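# Commentary on secondary and tertiary structure
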Amino acid sequence: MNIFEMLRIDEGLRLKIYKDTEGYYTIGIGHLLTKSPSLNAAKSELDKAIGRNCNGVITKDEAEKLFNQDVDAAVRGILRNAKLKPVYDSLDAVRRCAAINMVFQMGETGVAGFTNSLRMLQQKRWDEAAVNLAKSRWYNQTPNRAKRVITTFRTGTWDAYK
Ligand SMILES: C=CCOc1ccccc1F
């Protein structure tokens, strides 16, 4: 297991424009296109992202390339953020995957606001961090995915994904 396999499980793969759990137009392995209600706006974002006129449909290779870009962007956002980087650098490799997963789903600004959870994680207070992480809109709205991520932070294993 690695961050790509973990997020591929959590996000799935769809080659045509779909809606995420919040109702926003998305494609591929969880690539957000726009928060606008306009499908045309989403299609315009897609064509810009891929570099051709896609008509709302991409190939598996294109989905995987977008996914690589999106994972890298999440990592870069962690490493550029003064609140996230010290916590990330304190974690082992498996827990770093859980951190990237959260930033992929909610963005660096949103995750950087999880101030108390971040402190507990940096202190390696795993059970307390897990309890605190579940006291969130994130957990209530996507509980099965949040439970897998939280279990990864709690245990430092891939048990929730096996
Ligand atoms: C608040 C939970 C997410 O945890 C992290 C996210 C990004 C970087 C480091 C982390 F520990």
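Look up: the structure comes first, before these words.
What this report covers is the structure whose coordinates are included nearby. (Residues numbered from 1 in each chain as written, not as in the entry; some residues may be left out. Heavy atoms only, no water.)

### Quick notes on the pairing of strand β1 (residues 14-19)
Residues in a regular strand project their side chains so that they alternate between the two faces of the sheet. Stated formally: Two strands pair under a simple rule: DSSP has to find at least two bridges between them. Comment: elements are numbered from the N terminus, with helices defined as DSSP H or I runs of at least four residues and strands as E runs of at least two.
Relative to strand β2 (residues 25-28), β1 runs antiparallel, the two sharing 3 bridges. Its bridge partner lying in β2, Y18 is registered against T26. Hairpin connection between β1 and β2: a loop of 5 residues separates the two successive antiparallel strands, and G23 in this loop has a positive phi of roughly 90 degrees.

### As for the layout of surface pockets
For the record, the criterion: For cavity detection a 1 Å grid was placed over the protein atoms alone, and a set of points counts as a cavity when a 1.4 Å probe fits there but cannot get out; an open set counts as a pocket when protein lies on both sides within 12 Å along at least five of seven lines, with lining residues being those that have an atom within 4 Å of a point. Grid points are joined across faces, edges and corners, and a volume is the space filled by probe spheres set on the points. The residue classification treats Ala, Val, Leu, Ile, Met, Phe, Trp, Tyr, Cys and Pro as nonpolar and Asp, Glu, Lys and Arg as charged. All others, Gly included, are polar.
Computed from the structure, the largest pocket encloses a volume of approximately 1,000 Å³. If you trace the largest pocket, you find 33 residues lining it, with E11, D20, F104, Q105 and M106 closest to the centre. Listed by contribution, the elements that provide at least two residues to the lining of the largest pocket are α1 (3-11), β1, β3 (31-34), α3 (60-79), α5 (93-106), α6 (108-112), α9 (137-141) and α10 (143-155). In terms of residue class, the lining of the largest pocket is made up of 10 nonpolar, 11 polar and 12 charged.

### Details of empty space enclosed by the protein
Tallied over the entire structure, the rule returns 1 cavity of 30 Å³ or more. When its volume is computed, the largest cavity comes out at roughly 120 Å³. Of all the secondary structure elements, the ones that give two or more residues to the lining of the largest cavity are α4 (84-90), α5 and α7 (115-122).

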